[PDB]
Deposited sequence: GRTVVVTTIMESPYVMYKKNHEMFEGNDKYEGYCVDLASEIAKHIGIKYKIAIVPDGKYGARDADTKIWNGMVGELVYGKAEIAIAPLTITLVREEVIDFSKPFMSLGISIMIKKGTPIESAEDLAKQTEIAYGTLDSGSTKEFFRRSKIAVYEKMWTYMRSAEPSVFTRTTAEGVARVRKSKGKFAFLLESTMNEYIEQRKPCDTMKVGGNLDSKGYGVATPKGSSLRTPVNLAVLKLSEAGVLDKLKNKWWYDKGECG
């Protein structure tokens, strides 16, 4: 049939450029967990597809002033893509406007610090003001803190909401770079999958501290009314039960540069 448009995002090790990607066309320019997942799903449900990187580089939330959805979620809602295959977190606010498959990977919000930083936990962050901390803007992590009725997270939100200059970044890379270049005066709140990948690679100057703040999952997303909803959901469960999801995780998170 038609070539299905798959929206995704540049985020290591989910979607990355190959070395010498310039020598490849279309999908063959990319590699990573979600590139592999797309291939596996497409094989199961029998579709041709084209990876399209989300133009605004965002995951998906409502613009504060217009309320229009941005990022990958927006691409699905407004007709520009037919499937999102990415580290896109399954949340209520998103499930109300798009459909998610059952989860293909588990994660939680976690704390990234530069090695040496005097911080062991969220409580440690919330106590003080010397070390600044923040999250991605326009995503599930920022929403977690704004929503929370837990004392420590409420305190963290009240700080982050009003901090100057902004503690919110547009990409995870931006947050991680800030951690590395701030000499221990910045901690970044990001999902455990990313945190753990990054701490096992050069320059080996960051680490995850404490446990995860919550527990949830990533899912493959389709626009409401899509004929791909059920096929995609069953495909994810098939891959789960055949051990393929586990195999791909071990492949892309394999450790020992550090």
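K.L.:
Quick one: where does the model skip the deposited sequence?
P.N.:
No C-alpha for residues 256, 260.
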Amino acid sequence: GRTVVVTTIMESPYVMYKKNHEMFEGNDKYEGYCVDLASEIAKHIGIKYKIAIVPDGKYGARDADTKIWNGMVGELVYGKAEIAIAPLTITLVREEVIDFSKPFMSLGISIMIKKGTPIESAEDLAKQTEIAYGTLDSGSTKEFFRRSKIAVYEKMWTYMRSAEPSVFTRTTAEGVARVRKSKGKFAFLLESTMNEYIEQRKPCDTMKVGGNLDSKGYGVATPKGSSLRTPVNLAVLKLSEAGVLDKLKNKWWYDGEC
From here on, numbers count along this sequence of modelled residues.
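K.L.:
Do the CA atoms of 139-147 or those of 158-166 have the higher mean B-factor in the entry?
P.N.:
Averaging CA B-factors over each stretch, the winner is 158-166.
K.L.:
So, looking at the entry's B-factor column for Cα atoms, which has the higher mean, 217-225 or 201-209?
P.N.:
Looking at the record's C-alpha B-factors, the answer is 201-209.
K.L.:
Which of these, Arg94, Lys80, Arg180, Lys102, has its C-alpha atom at the highest B-factor, as the entry lists it?
P.N.:
That would be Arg180, according to the entry.
K.L.:
Highest CA temperature factor in the entry: which of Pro118, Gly108, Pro87, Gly175?
P.N.:
Out of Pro118, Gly108, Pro87, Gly175, the record gives the largest C-alpha B-factor to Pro118.
K.L.:
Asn20: which third of its chain by C-alpha temperature factor?
P.N.:
For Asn20, the deposited C-alpha B-factor lands in the highest third.
K.L.:
C-alpha B factor of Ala132, ranked within the chain: lowest, middle or highest third?
P.N.:
It belongs to the highest third of the chain when residues are ordered by C-alpha B-factor.
K.L.:
For the chain shown, is the CA B-factor of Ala242 in the lowest, middle or highest third of its modelled residues?
P.N.:
As the PDB entry reports it, the C-alpha B-factor of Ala242 lands in the highest third of its chain.
K.L.:
Among the chain's modelled residues, which third holds the C-alpha B-factor of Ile113?
P.N.:
According to the entry, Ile113 has a C-alpha B-factor in the chain's highest third.
K.L.:
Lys29: which third of its chain by C-alpha temperature factor?
P.N.:
Its C-alpha B-factor, which the entry lists for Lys29, ranks in the lowest third among residues of this chain.
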